[PDB]
Number of protein chains: 2
Amino acid sequence: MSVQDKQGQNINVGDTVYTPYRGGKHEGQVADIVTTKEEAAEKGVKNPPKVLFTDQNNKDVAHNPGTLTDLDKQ
Amino acid sequence: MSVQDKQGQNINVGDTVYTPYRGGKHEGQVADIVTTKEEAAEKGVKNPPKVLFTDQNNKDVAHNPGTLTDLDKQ
């Protein structure tokens, strides 16, 4: 089933997601949603679920869904 | 302090690093060594030190240096 953001909204591939940190943000479009330990291992990430997206500085980020915001579902 | 692999070898940018998982591996050349909180946040990773590399399937991996092997330094 679906993975949800910090506002309970289903996250889809291609959606713009956002997470802030002290000094900046990571914002960009979802490329993949990883939900099993095996898929996480294959994609080189840890602790699913992970939302994989490229941010505004062209950095590939893997982030937990429950602490980001899907801007397209706001 | 330098950044070292699981065999205590200093890792350099460009070195092939390797980590196995059940069903595959992640192997590729180090592109960046992240040691500061500032750079970790900019690159969307946690808990420096991290070594950043693209694996043989074009997955961008961020990994603890001390839990992988620097193949070029064997």
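Lettering of chains follows the sequences in order, A, B, ..., and the numbering in each one begins at 1.
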Output yes when a side-chain donor or acceptor of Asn12(A) lies under 3.5 Å from a complementary backbone atom of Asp15(A), and no otherwise. no

Below 6.0 angstrom between ring centroids: does that apply to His26(A) and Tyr21(A)? yes

Nearest 0.5 Å, what's the CD-OG1 distance between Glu39(A) and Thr36(A)? 5.0 Å

Has the side chain of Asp72(A) got a donor or acceptor atom that lies under 3.5 Å from a matching backbone atom of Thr16(A)? yes

Using a 6.0 Å cut-off, check whether atom CD of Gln29(A) has over 12 heavy atoms from anything other than its own residue. yes

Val51(A), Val45(A): one ILVMFWY side-chain cluster at the under-4.5 Å cut-off? no

Counting only N and O atoms by type, is there a donor-acceptor contact under 3.5 Å from the side chain of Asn57(B) to the main-chain atoms of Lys59(B)? no

For the backbone of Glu38(A) and the side chain of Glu42(A), can you confirm whether one donor and one acceptor N or O come within less than 3.5 Å of each other? no

Roughly how far apart are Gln7(B) CD and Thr69(B) OG1, rounded to 0.5 Å? 6.0 Å

Under 3.5 Å, side chain of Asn64(B) to main-chain N/O of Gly66(B), donor-acceptor pair present? yes

Is there a continuous path of hydrophobic side-chain contacts, each under 4.5 Å between heavy atoms, that joins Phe53(A) to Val3(A)? yes

Between the side chains of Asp5(A) and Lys73(A), is the shortest nitrogen-to-carboxylate-oxygen separation below 4.0 Å, so that they form an ion pair? no

Is any side-chain heavy atom of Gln74(A) less than 4.5 Å from a side-chain heavy atom of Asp70(A)? no

Is the backbone of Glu27(A) close enough, under 3.5 Å, to the side chain of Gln56(A) for a donor and an acceptor to pair up by distance? yes

For residues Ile11(B) and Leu52(B): do they belong to one hydrophobic cluster (side chain heavy atoms under 4.5 Å, members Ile, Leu, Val, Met, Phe, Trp, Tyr)? no

Going hydrophobic residue to hydrophobic residue with side-chain gaps under 4.5 angstrom, can you get from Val13(B) over to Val61(B)? yes

Could you measure the distance from the CD atom of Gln4(B) to the CG atom of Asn10(B)? Nearest 0.5 Å is fine. 4.5 Å

Are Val30(A) and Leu68(A) connected, step by step, through hydrophobic side chains (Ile, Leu, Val, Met, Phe, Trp, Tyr) whose heavy atoms are closer than 4.5 Å? yes

Whether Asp32(B) and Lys43(B) form a salt bridge (side-chain N of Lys/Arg under 4.0 Å from carboxylate O of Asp/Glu) is what I want to check. yes

Looking at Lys37(A) and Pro48(A), what are the two nearest heavy atoms and their distance? N-CG, 3.8 Å

